[PDB]
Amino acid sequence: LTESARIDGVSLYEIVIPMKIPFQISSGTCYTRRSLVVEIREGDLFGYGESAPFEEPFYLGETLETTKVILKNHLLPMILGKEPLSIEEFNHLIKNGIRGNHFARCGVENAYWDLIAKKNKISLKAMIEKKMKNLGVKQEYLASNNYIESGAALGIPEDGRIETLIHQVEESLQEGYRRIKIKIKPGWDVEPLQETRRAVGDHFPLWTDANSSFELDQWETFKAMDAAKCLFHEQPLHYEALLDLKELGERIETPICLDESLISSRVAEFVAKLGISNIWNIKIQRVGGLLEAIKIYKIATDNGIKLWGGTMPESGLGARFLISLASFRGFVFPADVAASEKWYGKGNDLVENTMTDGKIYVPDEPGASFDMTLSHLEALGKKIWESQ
């Protein structure tokens, strides 16, 4: 398996996909998925990757606009004409001239995996396993399933009615989702979790996602939520309040899960060393690409830390990168991955990811974009920048 390719051409598409289900985002409405697609060309081969920042700067400070700037003016010109010897060398290359900006780096890094996967006629999953192996990931954690399990994510209902949330819990069960997580924030916490737990039974995989909206001195609220016996509480405090997150964990029975805190493998290293949390969420976009995600996977599995996969979400294309990764043994709870048909309508996503009885199967074909036709890409978006 060769990991080298020459970057003969690069292009940037802005894709726009109408949401069949406008959902409550973190800054209001959201009728449409608006994303960037990086196209890397070697000869006649093309790799594609997605950067999916928000339009508002509430997540790491990056926006669609700043991501365009970084990509057009710095990152895409830097890689043009380059001939990296490996995935690791390409990772070094893209980080060199650009710190932060993980969404921009992710779209470029993922496109390179796609290009290499296709050039080698091999599945993403296969490349990931090999990389894992080369990095010295423990044999037990090179094992995998051929699917990921899929969980529902439920917001806080705009009418503040528990029954509106509960109607959605019922729909999620009927739809086949294998796990539910519900949004919480101070004042919308113990009650919704209580009514949810009983709508699904103690047995059903359930967790909260507070989106950092609590502080440690509100710990008693978590104490009260211990009765719902959920699997963990996802990111309850500020992403930089690492010791507070460890301390909360010591005051309650329900474990604490990190999402926003885990911004890189370097951070993962010392978070593992300090025993801040035993349950980590992995979002490829958050960490700036797949290799970084894999390095984090090694650190977690080296330390008995349980993983599960999440997404921003991106389009089906970005999700492909997570889908291959998230089937490995390290991943032990259902992932947040959007089933194409539900959110965009059948066939309307950039690529189709299908949920059957709460499972999404891992593609065996090469790379991420095997089933993306150029004309479908051109139908969903426009080339906004290019250079040869």
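All residue numbers are counted from 1 along the displayed sequence.
Colleague: May I ask you to compare 344 to 352 and 29 to 37 by their mean CA B factor in the entry and name the higher one?
Modeller: Of 29 to 37 and 344 to 352, the stretch with the higher C-alpha B-factor average is 29 to 37.
Colleague: Is the mean CA B factor in the deposited entry higher across 58 to 66 or across 45 to 53?
Modeller: For C-alpha atoms only, the mean B-factor is higher in 58 to 66.
Colleague: In terms of recorded Cα temperature factor, pick the maximum from 103, 90, 219, 207.
Modeller: Highest C-alpha B-factor among the listed residues goes to 219.
Colleague: In terms of recorded Cα temperature factor, pick the maximum from 179, 286, 295, 99.
Modeller: Highest CA B-factor of the listed options: 99.
Colleague: What third of the chain does residue 19 rank in for C-alpha temperature factor, lowest, middle or highest?
Modeller: Highest third - that is where residue 19 ends up once the chain's C-alpha B-factors are sorted.
Colleague: For the chain shown, is the CA B-factor of residue 135 in the lowest, middle or highest third of its modelled residues?
Modeller: For residue 135, whose C-alpha B-factor we compare with every modelled residue in the chain, the answer is the highest third.
Colleague: Using only modelled residues of the chain, where does the Cα B factor of residue 86 rank: lowest third, middle third or highest third?
Modeller: Within its chain, residue 86 is a middle-third residue by C-alpha B-factor, going by the deposited values.
Colleague: If you rank the chain by CA B-factor, which third does residue 364 end up in: lowest, middle or highest?
Modeller: Top third by C-alpha B-factor.
Colleague: Tell me, lowest, middle or highest third: where does the Cα B factor of residue 280 rank within its chain?
Modeller: Middle third - that is where residue 280 ends up once the chain's C-alpha B-factors are sorted.
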